[PDB]
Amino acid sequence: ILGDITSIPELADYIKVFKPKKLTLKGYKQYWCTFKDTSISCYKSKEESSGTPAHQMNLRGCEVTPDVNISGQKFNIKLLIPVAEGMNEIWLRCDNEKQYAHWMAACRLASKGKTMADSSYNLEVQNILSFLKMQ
């Protein structure tokens, strides 16, 4: 208290999420998403984020893979998430380098059971940004 979302810290932003499903045509859908503790919640809009998420995932133990091309302005994150009887595959698509650095760093820490309050959070964010530049 005496703080906002950055005091926690958490993320809350518009993120595109591609979640393929059997016999279903799916794409990168824009959701209003939060990153809290080790979990991502996806909502249809900011206006519907008090209710049940359109998607929710706890990233503990997940595999996080960068899918980046700077020239193409492609800032994607692939997630493979272990569930009680299976693994779940999701792609996050970010709008720019800074959004990508923050979400990708959050995913990596969450995979390892860490929240963004961990000292390694800003290590991951800044080093991602450092390597998104051109020589």
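The first residue of the shown sequence is 1; numbering continues from there.
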| property | result |
| --- | --- |
| Mean C-alpha temperature factor, higher of 49 to 57 and 93 to 101 | 49 to 57 |
| Per the entry, higher mean C-alpha B factor between 25 to 33 and 104 to 112 | 25 to 33 |
| Among modelled residues of the same chain, the CA temperature factor third for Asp67 | middle |
| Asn88 - which third its CA temperature factor falls in, relative to the rest of the chain | highest |
| Within-chain third of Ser39 by Cα B-factor, per the entry | lowest |
| Entry-reported Cα temperature factor of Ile128, expressed as the chain third it lands in | lowest |
